[PDB]
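Structure file query00.cif (mmCIF, N, CA and C atoms) follows.
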data_entry
loop_
_atom_site.label_atom_id
_atom_site.label_comp_id
_atom_site.auth_asym_id
_atom_site.auth_seq_id
_atom_site.Cartn_x
_atom_site.Cartn_y
_atom_site.Cartn_z
N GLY A 1 -27.59 31.33 69.84
CA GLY A 1 -28.94 31.17 69.33
C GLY A 1 -29.19 31.93 68.05
N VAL A 2 -28.92 31.29 66.92
CA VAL A 2 -29.09 31.88 65.60
C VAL A 2 -30.28 31.22 64.94
N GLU A 3 -31.26 32.03 64.54
CA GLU A 3 -32.47 31.54 63.89
C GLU A 3 -32.64 32.27 62.57
N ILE A 4 -32.94 31.53 61.51
CA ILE A 4 -33.03 32.07 60.16
C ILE A 4 -34.44 31.85 59.64
N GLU A 5 -35.06 32.91 59.15
CA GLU A 5 -36.35 32.84 58.46
C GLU A 5 -36.08 33.34 57.04
N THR A 6 -35.88 32.39 56.13
CA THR A 6 -35.23 32.69 54.86
C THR A 6 -36.22 33.28 53.87
N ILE A 7 -35.97 34.51 53.43
CA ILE A 7 -36.50 34.96 52.15
C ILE A 7 -35.67 34.27 51.08
N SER A 8 -36.36 33.56 50.17
CA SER A 8 -35.74 32.48 49.39
C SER A 8 -34.55 32.86 48.51
N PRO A 9 -34.64 33.81 47.57
CA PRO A 9 -33.92 33.66 46.29
C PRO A 9 -32.40 33.75 46.41
N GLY A 10 -31.73 32.78 45.79
CA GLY A 10 -30.28 32.70 45.80
C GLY A 10 -29.85 31.49 44.99
N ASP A 11 -28.83 30.78 45.44
CA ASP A 11 -28.48 29.51 44.81
C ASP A 11 -28.36 28.39 45.83
N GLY A 12 -27.98 28.74 47.06
CA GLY A 12 -27.81 27.75 48.10
C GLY A 12 -26.62 26.85 47.92
N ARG A 13 -25.63 27.25 47.13
CA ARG A 13 -24.43 26.44 46.96
C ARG A 13 -23.17 27.27 47.14
N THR A 14 -23.25 28.58 46.90
CA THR A 14 -22.10 29.45 47.06
C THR A 14 -22.08 29.94 48.50
N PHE A 15 -21.21 29.36 49.30
CA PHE A 15 -21.18 29.76 50.69
C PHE A 15 -19.92 30.55 50.99
N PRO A 16 -20.00 31.56 51.86
CA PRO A 16 -18.79 32.27 52.27
C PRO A 16 -17.92 31.41 53.16
N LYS A 17 -16.61 31.57 53.03
CA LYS A 17 -15.65 30.75 53.76
C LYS A 17 -14.66 31.65 54.48
N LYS A 18 -13.68 31.02 55.13
CA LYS A 18 -12.65 31.77 55.83
C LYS A 18 -11.69 32.41 54.83
N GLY A 19 -11.05 33.49 55.28
CA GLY A 19 -10.17 34.24 54.41
C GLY A 19 -10.88 34.99 53.31
N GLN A 20 -12.14 35.35 53.53
CA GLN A 20 -12.96 35.98 52.51
C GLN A 20 -13.60 37.24 53.07
N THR A 21 -13.92 38.17 52.17
CA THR A 21 -14.55 39.44 52.52
C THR A 21 -15.89 39.53 51.81
N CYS A 22 -16.95 39.76 52.57
CA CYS A 22 -18.31 39.70 52.07
C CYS A 22 -19.05 41.01 52.31
N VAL A 23 -20.00 41.30 51.42
CA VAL A 23 -20.70 42.58 51.36
C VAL A 23 -22.18 42.34 51.65
N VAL A 24 -22.74 43.11 52.58
CA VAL A 24 -24.07 42.87 53.13
C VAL A 24 -24.85 44.17 53.19
N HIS A 25 -26.04 44.19 52.59
CA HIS A 25 -27.06 45.18 52.94
C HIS A 25 -27.75 44.73 54.22
N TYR A 26 -27.70 45.55 55.26
CA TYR A 26 -28.33 45.19 56.52
C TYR A 26 -29.21 46.33 57.01
N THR A 27 -30.13 45.97 57.91
CA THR A 27 -31.05 46.93 58.50
C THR A 27 -31.33 46.48 59.92
N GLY A 28 -31.13 47.37 60.89
CA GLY A 28 -31.34 47.04 62.28
C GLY A 28 -32.74 47.39 62.76
N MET A 29 -33.29 46.52 63.60
CA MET A 29 -34.60 46.73 64.18
C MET A 29 -34.58 46.27 65.63
N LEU A 30 -35.18 47.07 66.50
CA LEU A 30 -35.39 46.67 67.88
C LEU A 30 -36.72 45.94 68.00
N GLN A 31 -36.76 44.90 68.83
CA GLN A 31 -37.99 44.16 69.06
C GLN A 31 -38.99 45.05 69.78
N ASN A 32 -40.17 45.22 69.16
CA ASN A 32 -41.17 46.24 69.53
C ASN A 32 -40.54 47.63 69.56
N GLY A 33 -39.65 47.88 68.60
CA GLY A 33 -38.90 49.11 68.60
C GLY A 33 -38.80 49.70 67.21
N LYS A 34 -37.88 50.63 67.05
CA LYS A 34 -37.77 51.39 65.82
C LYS A 34 -36.52 50.99 65.05
N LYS A 35 -36.26 51.70 63.96
CA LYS A 35 -35.07 51.48 63.16
C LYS A 35 -33.91 52.26 63.75
N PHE A 36 -32.82 51.56 64.06
CA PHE A 36 -31.65 52.21 64.61
C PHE A 36 -30.45 52.18 63.67
N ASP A 37 -30.47 51.38 62.62
CA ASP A 37 -29.37 51.38 61.68
C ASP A 37 -29.88 50.94 60.32
N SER A 38 -29.29 51.50 59.27
CA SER A 38 -29.69 51.18 57.90
C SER A 38 -28.48 51.34 56.99
N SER A 39 -28.02 50.22 56.43
CA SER A 39 -27.01 50.27 55.39
C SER A 39 -27.57 50.78 54.07
N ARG A 40 -28.89 50.79 53.92
CA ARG A 40 -29.51 51.26 52.69
C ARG A 40 -29.41 52.77 52.54
N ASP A 41 -29.37 53.49 53.66
CA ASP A 41 -29.40 54.95 53.60
C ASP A 41 -28.05 55.52 53.19
N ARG A 42 -26.97 55.04 53.80
CA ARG A 42 -25.65 55.56 53.50
C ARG A 42 -25.14 55.12 52.13
N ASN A 43 -25.72 54.05 51.57
CA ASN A 43 -25.41 53.48 50.26
C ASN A 43 -23.97 52.97 50.16
N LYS A 44 -23.33 52.69 51.29
CA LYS A 44 -22.01 52.07 51.33
C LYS A 44 -22.19 50.73 52.04
N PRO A 45 -22.38 49.65 51.30
CA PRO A 45 -22.94 48.44 51.91
C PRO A 45 -21.97 47.56 52.70
N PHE A 46 -21.08 48.17 53.50
CA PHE A 46 -20.41 47.56 54.65
C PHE A 46 -19.60 46.31 54.27
N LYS A 47 -18.50 46.57 53.56
CA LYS A 47 -17.54 45.51 53.29
C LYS A 47 -16.89 45.03 54.59
N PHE A 48 -16.94 43.73 54.84
CA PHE A 48 -16.32 43.16 56.03
C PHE A 48 -15.90 41.73 55.74
N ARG A 49 -14.99 41.21 56.56
CA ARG A 49 -14.42 39.89 56.36
C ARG A 49 -14.92 38.94 57.44
N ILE A 50 -14.40 37.72 57.41
CA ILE A 50 -14.91 36.61 58.21
C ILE A 50 -13.79 36.10 59.12
N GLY A 51 -14.10 35.94 60.40
CA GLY A 51 -13.24 35.25 61.34
C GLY A 51 -12.48 36.14 62.29
N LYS A 52 -12.37 37.43 62.00
CA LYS A 52 -11.61 38.35 62.83
C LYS A 52 -12.42 38.91 63.99
N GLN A 53 -13.70 38.53 64.10
CA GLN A 53 -14.64 39.00 65.13
C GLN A 53 -14.75 40.52 65.15
N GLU A 54 -14.72 41.13 63.96
CA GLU A 54 -14.92 42.57 63.86
C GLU A 54 -16.37 42.92 64.17
N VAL A 55 -17.30 42.19 63.56
CA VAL A 55 -18.71 42.30 63.88
C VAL A 55 -19.01 41.48 65.12
N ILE A 56 -20.21 41.63 65.66
CA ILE A 56 -20.65 40.94 66.86
C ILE A 56 -20.81 39.44 66.62
N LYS A 57 -20.97 38.68 67.70
CA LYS A 57 -21.02 37.23 67.60
C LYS A 57 -22.31 36.74 66.96
N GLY A 58 -23.42 37.43 67.23
CA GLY A 58 -24.69 37.00 66.68
C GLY A 58 -24.80 37.21 65.18
N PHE A 59 -24.19 38.28 64.67
CA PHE A 59 -24.26 38.57 63.25
C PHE A 59 -23.33 37.68 62.44
N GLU A 60 -22.23 37.21 63.04
CA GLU A 60 -21.21 36.48 62.30
C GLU A 60 -21.70 35.11 61.87
N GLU A 61 -22.37 34.39 62.76
CA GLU A 61 -22.90 33.07 62.41
C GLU A 61 -24.08 33.16 61.47
N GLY A 62 -24.78 34.30 61.44
CA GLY A 62 -25.87 34.47 60.51
C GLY A 62 -25.41 34.62 59.07
N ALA A 63 -24.23 35.21 58.87
CA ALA A 63 -23.72 35.39 57.51
C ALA A 63 -23.24 34.08 56.92
N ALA A 64 -22.70 33.18 57.75
CA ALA A 64 -22.22 31.90 57.25
C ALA A 64 -23.36 30.95 56.89
N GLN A 65 -24.54 31.16 57.46
CA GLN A 65 -25.71 30.34 57.16
C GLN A 65 -26.53 30.88 56.00
N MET A 66 -25.92 31.66 55.12
CA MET A 66 -26.57 32.21 53.95
C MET A 66 -25.81 31.80 52.69
N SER A 67 -26.32 32.23 51.54
CA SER A 67 -25.63 32.05 50.27
C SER A 67 -25.73 33.34 49.48
N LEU A 68 -25.17 33.33 48.27
CA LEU A 68 -25.17 34.51 47.41
C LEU A 68 -26.58 34.85 46.96
N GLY A 69 -26.97 36.11 47.17
CA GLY A 69 -28.27 36.59 46.78
C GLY A 69 -29.36 36.42 47.82
N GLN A 70 -29.14 35.57 48.83
CA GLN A 70 -30.18 35.25 49.79
C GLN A 70 -30.46 36.43 50.71
N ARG A 71 -31.62 36.36 51.36
CA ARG A 71 -32.09 37.40 52.27
C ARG A 71 -32.57 36.71 53.53
N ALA A 72 -31.88 36.95 54.64
CA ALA A 72 -32.21 36.30 55.89
C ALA A 72 -33.05 37.21 56.77
N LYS A 73 -33.35 36.73 57.97
CA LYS A 73 -34.07 37.50 58.98
C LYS A 73 -33.56 37.03 60.34
N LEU A 74 -32.57 37.74 60.86
CA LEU A 74 -31.89 37.31 62.07
C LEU A 74 -32.75 37.58 63.30
N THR A 75 -32.45 36.83 64.36
CA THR A 75 -32.97 37.13 65.70
C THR A 75 -31.88 36.70 66.67
N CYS A 76 -31.05 37.65 67.08
CA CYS A 76 -29.91 37.35 67.93
C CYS A 76 -30.31 37.42 69.40
N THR A 77 -29.79 36.48 70.18
CA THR A 77 -30.01 36.49 71.61
C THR A 77 -29.22 37.64 72.23
N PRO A 78 -29.66 38.17 73.38
CA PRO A 78 -28.94 39.30 73.98
C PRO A 78 -27.55 38.94 74.48
N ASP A 79 -27.33 37.71 74.92
CA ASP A 79 -26.06 37.34 75.53
C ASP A 79 -24.91 37.25 74.54
N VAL A 80 -25.20 37.24 73.24
CA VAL A 80 -24.14 37.12 72.24
C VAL A 80 -23.82 38.44 71.56
N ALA A 81 -24.62 39.49 71.77
CA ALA A 81 -24.33 40.77 71.13
C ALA A 81 -24.03 41.88 72.14
N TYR A 82 -25.00 42.28 72.97
CA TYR A 82 -24.75 43.43 73.85
C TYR A 82 -25.44 43.34 75.20
N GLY A 83 -26.06 42.21 75.57
CA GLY A 83 -27.04 42.19 76.64
C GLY A 83 -26.49 42.44 78.03
N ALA A 84 -25.19 42.27 78.22
CA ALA A 84 -24.60 42.50 79.54
C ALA A 84 -24.50 43.98 79.85
N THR A 85 -23.80 44.73 79.00
CA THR A 85 -23.56 46.15 79.23
C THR A 85 -24.55 47.03 78.48
N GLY A 86 -24.76 46.76 77.20
CA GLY A 86 -25.58 47.63 76.38
C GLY A 86 -24.74 48.70 75.72
N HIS A 87 -24.96 48.92 74.43
CA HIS A 87 -24.21 49.94 73.72
C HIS A 87 -24.65 51.32 74.19
N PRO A 88 -23.71 52.25 74.40
CA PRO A 88 -24.04 53.54 75.02
C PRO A 88 -24.93 54.40 74.13
N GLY A 89 -26.13 54.70 74.62
CA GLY A 89 -27.05 55.59 73.96
C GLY A 89 -27.91 54.97 72.88
N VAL A 90 -27.50 53.83 72.32
CA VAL A 90 -28.14 53.27 71.14
C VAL A 90 -28.91 52.00 71.47
N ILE A 91 -28.32 51.11 72.26
CA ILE A 91 -28.91 49.81 72.56
C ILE A 91 -29.08 49.69 74.07
N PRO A 92 -30.28 49.40 74.56
CA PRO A 92 -30.47 49.20 75.99
C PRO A 92 -29.85 47.90 76.44
N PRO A 93 -29.52 47.77 77.73
CA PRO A 93 -28.98 46.49 78.22
C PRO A 93 -30.04 45.41 78.22
N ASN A 94 -29.61 44.18 77.90
CA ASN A 94 -30.45 42.98 77.82
C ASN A 94 -31.59 43.17 76.81
N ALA A 95 -31.20 43.33 75.55
CA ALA A 95 -32.16 43.59 74.48
C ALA A 95 -31.98 42.60 73.35
N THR A 96 -33.08 42.29 72.68
CA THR A 96 -33.10 41.34 71.58
C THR A 96 -33.11 42.10 70.26
N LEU A 97 -32.26 41.68 69.33
CA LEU A 97 -32.02 42.41 68.10
C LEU A 97 -32.67 41.71 66.91
N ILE A 98 -33.20 42.51 65.99
CA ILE A 98 -33.86 42.03 64.78
C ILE A 98 -33.14 42.63 63.58
N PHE A 99 -32.82 41.79 62.59
CA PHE A 99 -32.06 42.23 61.43
C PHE A 99 -32.73 41.79 60.14
N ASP A 100 -32.67 42.67 59.14
CA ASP A 100 -33.00 42.33 57.76
C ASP A 100 -31.68 42.32 57.00
N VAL A 101 -31.21 41.13 56.65
CA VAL A 101 -29.87 40.93 56.13
C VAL A 101 -29.98 40.29 54.76
N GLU A 102 -29.38 40.93 53.75
CA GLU A 102 -29.25 40.35 52.43
C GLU A 102 -27.78 40.27 52.06
N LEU A 103 -27.36 39.11 51.56
CA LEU A 103 -25.97 38.85 51.22
C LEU A 103 -25.78 39.04 49.72
N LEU A 104 -25.03 40.07 49.35
CA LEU A 104 -24.65 40.34 47.96
C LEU A 104 -23.15 40.58 47.96
N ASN A 105 -22.37 39.51 47.86
CA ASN A 105 -20.94 39.60 48.14
C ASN A 105 -20.09 39.26 46.92
N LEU A 106 -18.79 39.19 47.16
CA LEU A 106 -17.80 38.74 46.19
C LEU A 106 -16.98 37.65 46.85
N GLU A 107 -15.87 37.26 46.21
CA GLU A 107 -14.87 36.32 46.72
C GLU A 107 -15.45 34.95 47.08
#
Please express what this file holds, its structure, as structure tokens.
Amino acid sequence: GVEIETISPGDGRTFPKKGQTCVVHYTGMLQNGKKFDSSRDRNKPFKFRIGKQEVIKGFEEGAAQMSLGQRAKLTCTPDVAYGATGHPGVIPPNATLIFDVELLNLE
């Protein structure tokens, strides 16, 4: 269950593909909750690649549905990220995740 509420600006033609490494400013938000992660604070905007399932399942399909410069607004279902067990200390079990994701990549 991937839903996109697009903050517009980009080109809508440059899409990330397989065998590529993409760079994302991201910000984590809990539904009716607080900020638990911010790529803006550390200023190292999280270089990662596509297809190796390094990131969670909900975030991976959200990056492919974007283009260069675009700014999405994810809403991942609990069953695709952490809802069974829950991340220790940080994410409660069966929780819905909110993301502010902007794609500023290369390749």
For range 30-44 of chain A, list every protein, DNA or RNA residue within 8 Å, evaluated using only N, CA and C atoms, and leave out those in the same chain fewer than 5 positions away; present the list as a compact mmCIF listing (two decimals) with N, CA and C atoms, keeping the file's coordinate frame.
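This went into selection_33.txt:
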# COMPACT_ATOMS: atom_id res chain seq x y z
N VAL A 24 -22.74 43.11 52.58
CA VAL A 24 -24.07 42.87 53.13
C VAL A 24 -24.85 44.17 53.19
N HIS A 25 -26.04 44.19 52.59
CA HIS A 25 -27.06 45.18 52.94
C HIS A 25 -27.75 44.73 54.22
N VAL A 90 -27.50 53.83 72.32
CA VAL A 90 -28.14 53.27 71.14
C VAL A 90 -28.91 52.00 71.47
N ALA A 95 -31.20 43.33 75.55
CA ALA A 95 -32.16 43.59 74.48
C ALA A 95 -31.98 42.60 73.35
N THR A 96 -33.08 42.29 72.68
CA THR A 96 -33.10 41.34 71.58
C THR A 96 -33.11 42.10 70.26
N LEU A 97 -32.26 41.68 69.33
CA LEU A 97 -32.02 42.41 68.10
C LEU A 97 -32.67 41.71 66.91
N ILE A 98 -33.20 42.51 65.99
CA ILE A 98 -33.86 42.03 64.78
C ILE A 98 -33.14 42.63 63.58
N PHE A 99 -32.82 41.79 62.59
CA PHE A 99 -32.06 42.23 61.43
C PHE A 99 -32.73 41.79 60.14
**Item:** DSSP-assigned strand (DSSP E) among chain A, expressed as an MDAnalysis selection string
**Value:** chainID A and resid 21:30 35:38 47:49 71:76 97:103
Set out as CSV a contact list for range 60-84 of chain A and range 8-21 of chain A with a cut-off of 8 Å, giving each residue of range 60-84 of chain A that qualifies its closest atom pair and distance in Å to one decimal, counting all atoms listed in the file, ordered by chain and rising residue number.
residue,atom,partner,partner_atom,distance
A:63,C,A:16,N,6.5
A:64,CA,A:16,N,5.8
A:65,N,A:16,N,7.2
A:66,C,A:15,CA,5.4
A:67,CA,A:14,C,4.5
A:68,C,A:10,CA,4.4
A:69,C,A:9,C,4.3
A:70,CA,A:9,C,4.3
A:71,N,A:8,C,5.4
A:72,N,A:8,N,7.2
**Prompt:** Mind listing as a PyMOL selection string all residues within 8 Å of (-16.2, 46.4, 55.3), counting all atoms listed in the file?
**Reply:** chain A and resi 21-24+45-49
**Request:** Quote the spacing between atom C of residue 27 in chain A and atom N of residue 75 in chain A in Å to one decimal place.
**Result:** 10.7 Å
Just list the residues in chain A DSSP gives alpha helix (DSSP H) on the backbone, as a compact mmCIF listing (two decimals) with N, CA and C atoms, in the coordinates of the input.
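File out_20.txt, as written:
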# COMPACT_ATOMS: atom_id res chain seq x y z
N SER A 39 -28.02 50.22 56.43
CA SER A 39 -27.01 50.27 55.39
C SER A 39 -27.57 50.78 54.07
N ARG A 40 -28.89 50.79 53.92
CA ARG A 40 -29.51 51.26 52.69
C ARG A 40 -29.41 52.77 52.54
N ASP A 41 -29.37 53.49 53.66
CA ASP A 41 -29.40 54.95 53.60
C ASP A 41 -28.05 55.52 53.19
N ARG A 42 -26.97 55.04 53.80
CA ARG A 42 -25.65 55.56 53.50
C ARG A 42 -25.14 55.12 52.13
N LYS A 57 -20.97 38.68 67.70
CA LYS A 57 -21.02 37.23 67.60
C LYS A 57 -22.31 36.74 66.96
N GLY A 58 -23.42 37.43 67.23
CA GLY A 58 -24.69 37.00 66.68
C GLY A 58 -24.80 37.21 65.18
N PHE A 59 -24.19 38.28 64.67
CA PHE A 59 -24.26 38.57 63.25
C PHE A 59 -23.33 37.68 62.44
N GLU A 60 -22.23 37.21 63.04
CA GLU A 60 -21.21 36.48 62.30
C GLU A 60 -21.70 35.11 61.87
N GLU A 61 -22.37 34.39 62.76
CA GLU A 61 -22.90 33.07 62.41
C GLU A 61 -24.08 33.16 61.47
N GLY A 62 -24.78 34.30 61.44
CA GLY A 62 -25.87 34.47 60.51
C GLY A 62 -25.41 34.62 59.07
N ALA A 63 -24.23 35.21 58.87
CA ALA A 63 -23.72 35.39 57.51
C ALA A 63 -23.24 34.08 56.92
N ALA A 64 -22.70 33.18 57.75
CA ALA A 64 -22.22 31.90 57.25
C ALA A 64 -23.36 30.95 56.89
N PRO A 78 -29.66 38.17 73.38
CA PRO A 78 -28.94 39.30 73.98
C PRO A 78 -27.55 38.94 74.48
N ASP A 79 -27.33 37.71 74.92
CA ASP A 79 -26.06 37.34 75.53
C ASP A 79 -24.91 37.25 74.54
N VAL A 80 -25.20 37.24 73.24
CA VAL A 80 -24.14 37.12 72.24
C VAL A 80 -23.82 38.44 71.56
N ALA A 81 -24.62 39.49 71.77
CA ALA A 81 -24.33 40.77 71.13
C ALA A 81 -24.03 41.88 72.14
Would you fill out range 17-36 of chain A with N, CA, C and O atoms and return it as an mmCIF file, in the frame of the given file?
data_model
loop_
_atom_site.group_PDB
_atom_site.id
_atom_site.type_symbol
_atom_site.label_atom_id
_atom_site.label_comp_id
_atom_site.auth_asym_id
_atom_site.auth_seq_id
_atom_site.Cartn_x
_atom_site.Cartn_y
_atom_site.Cartn_z
ATOM 1 N N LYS A 17 -16.610 31.570 53.030
ATOM 2 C CA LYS A 17 -15.650 30.750 53.760
ATOM 3 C C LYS A 17 -14.660 31.650 54.480
ATOM 4 O O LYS A 17 -14.774 32.883 54.468
ATOM 5 N N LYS A 18 -13.680 31.020 55.130
ATOM 6 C CA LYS A 18 -12.650 31.770 55.830
ATOM 7 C C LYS A 18 -11.690 32.410 54.830
ATOM 8 O O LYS A 18 -11.530 31.957 53.695
ATOM 9 N N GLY A 19 -11.050 33.490 55.280
ATOM 10 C CA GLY A 19 -10.170 34.240 54.410
ATOM 11 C C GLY A 19 -10.880 34.990 53.310
ATOM 12 O O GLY A 19 -10.302 35.231 52.251
ATOM 13 N N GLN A 20 -12.140 35.350 53.530
ATOM 14 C CA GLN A 20 -12.960 35.980 52.510
ATOM 15 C C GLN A 20 -13.600 37.240 53.070
ATOM 16 O O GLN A 20 -13.803 37.373 54.284
ATOM 17 N N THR A 21 -13.920 38.170 52.170
ATOM 18 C CA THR A 21 -14.550 39.440 52.520
ATOM 19 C C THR A 21 -15.890 39.530 51.810
ATOM 20 O O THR A 21 -15.952 39.405 50.578
ATOM 21 N N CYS A 22 -16.950 39.760 52.570
ATOM 22 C CA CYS A 22 -18.310 39.700 52.070
ATOM 23 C C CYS A 22 -19.050 41.010 52.310
ATOM 24 O O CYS A 22 -18.786 41.729 53.277
ATOM 25 N N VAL A 23 -20.000 41.300 51.420
ATOM 26 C CA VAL A 23 -20.700 42.580 51.360
ATOM 27 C C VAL A 23 -22.180 42.340 51.650
ATOM 28 O O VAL A 23 -22.792 41.453 51.041
ATOM 29 N N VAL A 24 -22.740 43.110 52.580
ATOM 30 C CA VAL A 24 -24.070 42.870 53.130
ATOM 31 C C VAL A 24 -24.850 44.170 53.190
ATOM 32 O O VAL A 24 -24.386 45.147 53.797
ATOM 33 N N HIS A 25 -26.040 44.190 52.590
ATOM 34 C CA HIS A 25 -27.060 45.180 52.940
ATOM 35 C C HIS A 25 -27.750 44.730 54.220
ATOM 36 O O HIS A 25 -28.344 43.644 54.253
ATOM 37 N N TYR A 26 -27.700 45.550 55.260
ATOM 38 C CA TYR A 26 -28.330 45.190 56.520
ATOM 39 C C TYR A 26 -29.210 46.330 57.010
ATOM 40 O O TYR A 26 -29.057 47.482 56.615
ATOM 41 N N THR A 27 -30.130 45.970 57.910
ATOM 42 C CA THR A 27 -31.050 46.930 58.500
ATOM 43 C C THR A 27 -31.330 46.480 59.920
ATOM 44 O O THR A 27 -31.731 45.329 60.139
ATOM 45 N N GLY A 28 -31.130 47.370 60.890
ATOM 46 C CA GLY A 28 -31.340 47.040 62.280
ATOM 47 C C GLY A 28 -32.740 47.390 62.760
ATOM 48 O O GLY A 28 -33.302 48.421 62.401
ATOM 49 N N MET A 29 -33.290 46.520 63.600
ATOM 50 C CA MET A 29 -34.600 46.730 64.180
ATOM 51 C C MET A 29 -34.580 46.270 65.630
ATOM 52 O O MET A 29 -34.024 45.216 65.942
ATOM 53 N N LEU A 30 -35.180 47.070 66.500
ATOM 54 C CA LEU A 30 -35.390 46.670 67.880
ATOM 55 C C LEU A 30 -36.720 45.940 68.000
ATOM 56 O O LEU A 30 -37.693 46.303 67.324
ATOM 57 N N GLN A 31 -36.760 44.900 68.830
ATOM 58 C CA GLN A 31 -37.990 44.160 69.060
ATOM 59 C C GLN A 31 -38.990 45.050 69.780
ATOM 60 O O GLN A 31 -38.696 45.565 70.862
ATOM 61 N N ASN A 32 -40.170 45.220 69.160
ATOM 62 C CA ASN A 32 -41.170 46.240 69.530
ATOM 63 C C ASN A 32 -40.540 47.630 69.560
ATOM 64 O O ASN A 32 -40.830 48.452 70.425
ATOM 65 N N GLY A 33 -39.650 47.880 68.600
ATOM 66 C CA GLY A 33 -38.900 49.110 68.600
ATOM 67 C C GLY A 33 -38.800 49.700 67.210
ATOM 68 O O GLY A 33 -39.537 49.309 66.307
ATOM 69 N N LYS A 34 -37.880 50.630 67.050
ATOM 70 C CA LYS A 34 -37.770 51.390 65.820
ATOM 71 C C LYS A 34 -36.520 50.990 65.050
ATOM 72 O O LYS A 34 -35.797 50.054 65.412
ATOM 73 N N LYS A 35 -36.260 51.700 63.960
ATOM 74 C CA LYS A 35 -35.070 51.480 63.160
ATOM 75 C C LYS A 35 -33.910 52.260 63.750
ATOM 76 O O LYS A 35 -33.983 53.480 63.916
ATOM 77 N N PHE A 36 -32.820 51.560 64.060
ATOM 78 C CA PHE A 36 -31.650 52.210 64.610
ATOM 79 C C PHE A 36 -30.450 52.180 63.670
ATOM 80 O O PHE A 36 -29.488 52.911 63.928
#
